[PDB]
Ligand SMILES: *P(=O)(O)OCC(C)(C)[C@H](O)C(=O)NCCC(=O)NCCS
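What follows is the structure in structure tokens.
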């Protein structure tokens, strides 16, 4: 039996123990789960616009207090009067103020220029910080759609434009949507599609830190897997400079003399900070970069203090101690407190006593006391987060910063203990045995005192491997404007010329996985850091040298077209096989599928030249029975590579023998099945090697339809000026002889068989005999457009009869791709060794609908991995949504800090009928609709508003949409439907519909 | 007087306008508050 | 985390030997007592055997039916548990489960489908099911082993399509009959994987 | 919550009988094994005995020295545990702890101070401690039992005042010396509670 | 002897409902320890089983709170406070008093509950192309019926083989195949059910 009462109750014990070991790590991850700070964003006083720019303002001791802003239209004259009690005057003669908060990029988001004018400068600087903190983390900001991601923004209600009661001249419906902190967290979750809790925090000088507390909580509860915490205090008005002066609290110099005897007020500054918070387990499991770790944050109130504004000591001690208790740490653990340091000779005394009580009472080493407001100024709701960026930069650089204007230690504070040393000099603060911890404090004017604990990120990042690879991963970048496209290559060139030695695959991985796909794409496959910074120096000016550039809005899914004959060179795929493992494996698989039916192994054939066969008295790839299997093999291998690099087909087009590849890659037939088909076919297609042959020519279809005769009739329609005719030697030579003198050239391809005619049925006996019923038709994986019927048909229609029928009637390749554009798909990849008929589909798109994008894999005499990298580059630049977690699935690539989006900022500040003549009418209504659009869009420059951009990405929300439809219902005098903005998403579509509604 | 068994807060996400409501983001706020209180859709008699 | 990854599937005839290997990852292997449990087709669990923990003697205890033949062994150094199946009779055609406890079967691993049949590998003999006057169906019977997939209208019809589970005859073959219920002509294809035999049939009453 | 409330203090002379009652509240009394653990003055714990759980068999086991005389009993219906202290000795002059497990003493209850002495109840004989030339102190010795409180300056001086713990002489009395350390006259009062004998003394060298 | 246990083999559950599955044991599973020695297990449809509850009442780690266990020494009860698709399958009642463990018992067959369905009885005579190889199988389809408590009789039985099927999502019903494999001569000589959807036996022949 079971060894009574010794192998069960000991077996039940290990589970009442291990479940307990699992039900306690749940409490410890529900309450003391150390959350990581994934990325940093900051727009701080001075020139600070990025977290790395804040360090050389903080490490070399630069004060950001310069002067009051002049961009904002401030009075600046009634702000200063000798009488200190005059209503309307401010006491501080400066302060650290943002020089870029006045400007914004409206067209970047789904925001109208008028709406962005109505947007609070806080809410317009917060969206950019959100985009930066997402692009800094290697997380595509457009990849977080309908995902749990909380937004926690600390804010200060600030007066902006005219009274809501008085409305405005253009800002009538959007003025609330700016001057409400409500949408100051919802707008960010709306533009980025974040689904997690969009919460705005308002506790004044502690808001952001209080905010991060909430975000921390939302991580330690699991409500949101990710959070974007922080706070902003951007001042569009001098109002509280006038009002803080009435209580006599502003420093006349505007400088936060934290813990100094020369302090004469708490100063003021405007700024903004944002933290990307994720729990450590999720941060490391997902691979998100962990800068530092918020371990424990506490939020408390001052209680019944000496007024609402005066701080409280016991409450501050209580919140600082509660942060340590909730973080599981003690006073000694914190190596460098960075407390509020308001700047006044009243708040600093009280708060230093609280620091000495919570920390200095039991200290082993002198606590390094600092204050970010000394370098920046009191940023209010941006204070509490700004100190967090300080410390995180301190631990990512291993140095404790200075506290400016702190040489004269305050005489009202007892520093005789020595447990607190004010950071007046840069103290080396290196990584060691002790986990490097510290603590940020923020005590708001509302009385809410809050404290967060920041530990250094556990140094487990070390251990990465090193290697080298021949894969030239594309350096892909994208922006919302052409100028931004030229600015995202200049800033990247600046970063790779000022931060040299960063390995190219790391840069490609960070640019590819970490940057959103925006509708102006530049992509190039670099070979060196000198051939890349040269392309980045030509892309900054607009010259497309060694790169691919494309505007590809509303384009996400690609079509795989399969050309037939045309690359008689066939000296390409040797390099691809020799350099690409996938082409060295898929080719082997399809060859070993071809070998049981056609003994020719494509491997000896591969390693050779284009003139190899010519030396053995044989034309370049002319033997049908030997050639058709090799195009099929190279073709299916190229398609397998394209699907292995993340590009999956949407539709499939097979010109002549691309139907076999449609069978194979789309899942309709297996590798063996489709190989068997082309093998058995090649032998019953090489049985007609007499006078037969085709002659591709740009001769017009409506005239060759009269030229049909002498056995030479159309076999394929590859475009408007592209016709493949097939016949015997009756009209063969005379076609060239009688056409070449009239600027029309007959491209007589070196072929010996005719297809898509009445001659294939001469082998109908053998074609139905030497094909067999074994490649049973199966519903595959990709939709396919038949080139025998010219229609989108089932994936299960595919037998020997289908192969006969395809080689029987006209291909109608032009019709197939016209229906392609019609079904919603706009991009096609010419998988082949050389892209014959590349301009044919550009001709198709030129004379019908919109222009199509001709992506090709490789060219004639171009088969190295550099050319395939250029293929991926031109695919991305032309709108193809490449998967960059597959190109960089493994190459020894790691995330690297890169410059964020270059927001093309423009100053947006709010201060307190045609009788059917011709298609000239089409373009006249077009211009009319555009002008009424860029007058309800607040585009003061009516000049242009992108034609390919939707009515939901130019900020055409209700107000804009409704007034637009009313303007059109008056100018054109029509009855546009109520949901017209949804019926016609584009100004192109709207104009076409309106000019089509003439009767 | 009454017990608040569970609550949920959930952004509308990328809606069709800032003030426009989301039809599939409300379903996740009323189910997150339904999976956080440990109750089911049939237990709530009335909805304010 | 913890995993009990399994291996040891294949083909055996009545009177042969087989090996079932269980690799435990996540905890210390020596103090848990390994057990093997079996899943007879059509019903739940039946326990095959259990070996004591290494420090608890490491003695074994199987069921009277599989006493001796089904040897249970283990090892910490390479952290592996062996079920050596000996003379698998045709009643050993079952899904075996590596359990993480003599009396407390915790993880259950994944489950290895061990087959013990005397039949061979040939394609199906598709016979139609003519409607009485209704539903339209077709048989699959006379096939072995069990990879199988039968759709109607060749993957075009999915509502009302319902393929029956395998049925084992006393002669060691497998039985399926796929039928759709919709008024009307319908086509059914069966793909036999191991021998790659696809048979297609159209049905009228 | 759980409590192990105790009772059974009093006065006993060498060779008498006493009862220690432990009432458990919070969980089922029958499946825990009661134990009695005793803290000799000046040191930690010493286990006296334990009875097995009712369903285990209620098998009592004491220490070899206290085996037989002491009787451990229990009961679920009124949920009470008895420690029959028969023939008490000088080793029983100790604190006693009701522990909630034979081999897992969980709650420990509160602790009953059982005294076994042959002395009587009289007030202290306060003798001064004249400084050598410094600290000023006075004795408390010749008192019993142990309620005690000695302050200096009659509760006016508290810094440097430090009263020593009780010391047990072989004759069964208790010893305290209270001391102050401050340069100089000082007055010390001792209150003996059971007989209410307050003695006051002023000290000079 | 052995503690042989019974359970409600065919207990139905519906979404949004609390369910009460039980087990009854012949002897007392309450050991002298005071702890009940019963285990609750869940087998998912076509997946590995999992340990829901041990020692009568307590969870296993990773098992959702929606299962709770209780009961006395003989009677044991698991309540599912809120049933979902993951709470469907087979529930095993395991005694830990005596281990040899020959079988896991009949097991509680848990299904998503709808109203009583209408059993569709369809007789399919074997095809003439079945009769060339010496075999024959007339098939009695039982379609869209609930619960799976219907036996099929073959008159005018003993050669019937059993095919019970998967219960679905949109319909949550059952299908049944009583396969009557047959031989040459005895074909030249009808199926009906007693399912609770109807009362009178509906008999239709080939
Ligand atoms: P447009 O047709 O989107 O109109 C904008 C308004 C605000 C009119 C929108 O239609 C609307 O009514 N939204 C309803 C507001 C909402 O989602 N919740 C109510 C919060 S007050």
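Residue numbers (the entry's author numbering), protein chains in the order written: chain B, 1 to 912, 1404 to 1490; chain A, 291 to 338; chain E, 3 to 135, 143 to 193, 200 to 220; chain C, 3 to 135, 143 to 193, 200 to 220; chain F, 17 to 172, 178 to 210, 215 to 231. The beta-carbon is built from N, C-alpha and C at its ideal position, and this holds for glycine as well.
query, result
"For residue 50/F, return the contacting residues in chain C, with the cut-off set at a CB-CB distance below 8 angstroms.", "30, 32, 33, 55, 57"
"Name, in chain order, the residues that DSSP records as bridge partners for residue 39/E.", "49/E, 99/E"
"For residue 331/A and chain F, any beta-carbon pair shorter than 9 angstroms?", "yes"
"Does the region 633-644 of chain B come into contact with the region 686-701 of chain B, if we say contact requires no fewer than three beta-carbon pairs (one atom in each stretch) closer than 8 angstroms?", "no"
"Which residues in chain E sit within 9 angstroms of residue 15/B, going by Cβ to Cβ distance?", "103, 106, 108"
"Which same chain residues, not among the five before or five after residue 657/B, have their C-beta less than 7 angstroms away from its C-beta?", "564, 628, 631, 632, 678"
"Is it buried or exposed for residue 692/B, if we count other Cβ within 10 angstroms and need 16 for buried?", "buried"
"Output, in sequence order along the chain, the residues in the region 16-38 of chain B whose CB is closer than 9 angstroms to any CB in chain F.", "16, 18, 19, 20, 21, 22, 23, 26"
"Which of helix, strand or coil does DSSP assign to residue 413/B?", "coil"
"DSSP on residue 907/B, reduced to helix/strand/coil?", "strand"
"Taking the runs of the beta strand (DSSP E) that are 3 residues or longer, which of them lie wholly in the region 325-402 of chain B?", "334-338, 367-369"
"Spatial neighbours of residue 143/B within its chain, please: CB distance less than 8 angstroms, with the 5 preceding and 5 following residues excluded, ordered by chain position.", "516"
"Determine the closest residue to residue 193/F out of 52/F, 154/F, 169/F, 134/F, with distance taken between C-alpha atoms.", "134/F"
"Rank 842/B, 659/B, 850/B, 294/B by C-alpha distance to the C-alpha of residue 1491/B and give the top, closest one.", "Outside the displayed span of chain B (1 to 1490) sits residue 1491/B, for which this structure offers no information."
"By the three-class DSSP mapping on this structure, what secondary structure does residue 531/B have?", "helix"
"Any idea what DSSP makes of residue 445/B, helix, strand or coil?", "coil"
"Going along chain F in order, which residues have a C-beta closer than 8 angstroms to the C-beta of residue 1/B?", "114, 115, 116"
"On the DSSP letters alone, give me the boundaries of the alpha helix (DSSP H) that residue 65/F sits inside.", "Unbroken run through residue 65/F is the beta strand (DSSP E), 65-70; no alpha helix (DSSP H)."
"What do you get for residue 791/B, buried or exposed, if any count of 16 or more other CB atoms within 10 angstroms of its CB means buried?", "exposed"
"Measuring from each Cβ to the nearest heavy atom of ligand 1, keep the ones under 5 angstroms and list them in chain order.", "1449/B, 307/A, 309/A, 310/A, 311/A"
"Determine, using beta carbons only, whether residue 316/A comes closer than 9 angstroms to chain B.", "no"
"Below 9 angstroms on C-beta distance, what does residue 1449/B contact in chain A?", "307, 309, 310"
"Report the three-state DSSP secondary structure of residue 26/B (helix, strand or coil).", "helix"
"Would the region 126-142 of chain B and the region 276-283 of chain B be scored as touching if the rule is three or more Cβ pairs under 8 angstroms?", "yes"
"Compare the C-beta of residue 191/B with all C-beta atoms of chain A and state if any pair is closer than 9 angstroms.", "yes"
"Between residue 175/E and ligand 3, is the CB less than 8 angstroms from at least one heavy atom?", "With respect to ligand 3, the structure offers nothing, as its ligand set consists of ligand 1."
"Tell me which residues share the same chain as residue 389/B and place their Cβ nearer than 7 angstroms to its Cβ, disregarding the 5 neighbours each side in the sequence.", "40, 42, 51, 54, 273"
"Would the region 576-589 of chain B and the region 546-559 of chain B be scored as touching if the rule is three or more Cβ pairs under 8 angstroms?", "no"
"Thinking C-beta only, is residue 878/B closer than 9 angstroms to residue 555/B?", "yes"
"Considering residue 241/B, what are the terminal residues of the alpha helix (DSSP H) in which it resides?", "239-246"
"What is the DSSP secondary structure of residue 268/B, counted as helix, strand or coil?", "coil"
"Grab the span of the beta strand (DSSP E) containing residue 727/B for me, first residue to last.", "722-727"
"Using a Cβ-Cβ cutoff of less than 7 angstroms, which residues in the same chain neighbour residue 15/C once the five nearest sequence positions on both sides are dropped?", "120"
"For residue 359/B, return the contacting residues in chain F, with the cut-off set at a CB-CB distance below 8 angstroms.", "Those do not exist, as residue 359/B stays about 39 angstroms from chain F at its closest Cβ, beyond 8 angstroms."
"State yes or no: is the beta carbon of residue 81/F nearer than 9 angstroms to at least one beta carbon in chain A?", "yes"
"Going by alpha carbons, who is nearest to residue 122/F out of 189/E, 210/E, 48/E, 72/E?", "48/E"
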